[PDB]
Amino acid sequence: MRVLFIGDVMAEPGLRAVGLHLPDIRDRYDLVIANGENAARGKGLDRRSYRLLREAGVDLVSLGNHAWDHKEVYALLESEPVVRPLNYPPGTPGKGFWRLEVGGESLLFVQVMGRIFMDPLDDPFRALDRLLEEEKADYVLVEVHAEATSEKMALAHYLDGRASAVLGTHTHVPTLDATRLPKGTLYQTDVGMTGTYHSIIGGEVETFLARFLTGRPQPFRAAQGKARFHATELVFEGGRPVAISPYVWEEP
């Protein structure tokens, strides 16, 4: 397995960036997974944005805290290769994991949500322990959608030797810390966002600026402009993690 992991797809520039560049590189990977938490004009996922991702070559789409902004998501969750955080409570729509099959090899993908500085949910560590006991595969990729670097690092060491790779998202800025932990698991704190960086985490500068300055609510406004494609490549060969490499593409 040759896997491409694509950093948070941010609003219209992000979706455009994927649609435009993925086709030119899809051939380089066996499987492509992407976080599409903000794919629907910045907030969530809808049928349209899902389609453009799939049509661009994405095989599986993960969500996050915004996983419920749009109704259409519930249809995507029951019949499409779309997953939400594993560690929502029982009775939650959709699945918290997915099994990808390619070339006779299997890859178990799992997204989990951190709890520090975020909403209360089930314990990510033990939810992972249980899952990994019931679902076996050639490779296991765990995406940790969290705010705290310590929580992301805690989960990764905890997963060392069990997961083939642990990639973080949510923070929107790509980190220069791609490495392999003592027991072999690959790791990166944040993949980064795929969208226009001529903004503040996807939103229009002055909008966010107005929030910090006035202390008064300011409706989200997706920024528009040239985008950056952010992703991380994972090389899984012979049931063992081989290499991890961040990837960047600047839209012309």
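Note that residue numbering follows the sequence shown and begins at 1.
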Completion exercise
Higher avg CA temperature factor (184-192 vs 66-74, as deposited) belongs to 66-74
Handout entry: Mean C-alpha B-factor comparison - 148-156 and 93-101, higher one
Key = 93-101
Fill in the blank from the handout: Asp177: CA B-factor among chain residues, third -> middle
Practice task
Just say lowest, middle or highest third for the CA B-factor of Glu133 relative to the other modelled residues in its chain.
Solution key: middle
Problem - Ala11 CA temperature factor, ranked by third within the chain - result: highest
Handout entry: Modelled-residue ranking by C-alpha temperature factor, third containing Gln218
Key = highest
Exercise for the section: For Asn35, return the chain-relative third of its C-alpha B-factor as stated in the PDB record: lowest, middle or highest. Expected result: lowest
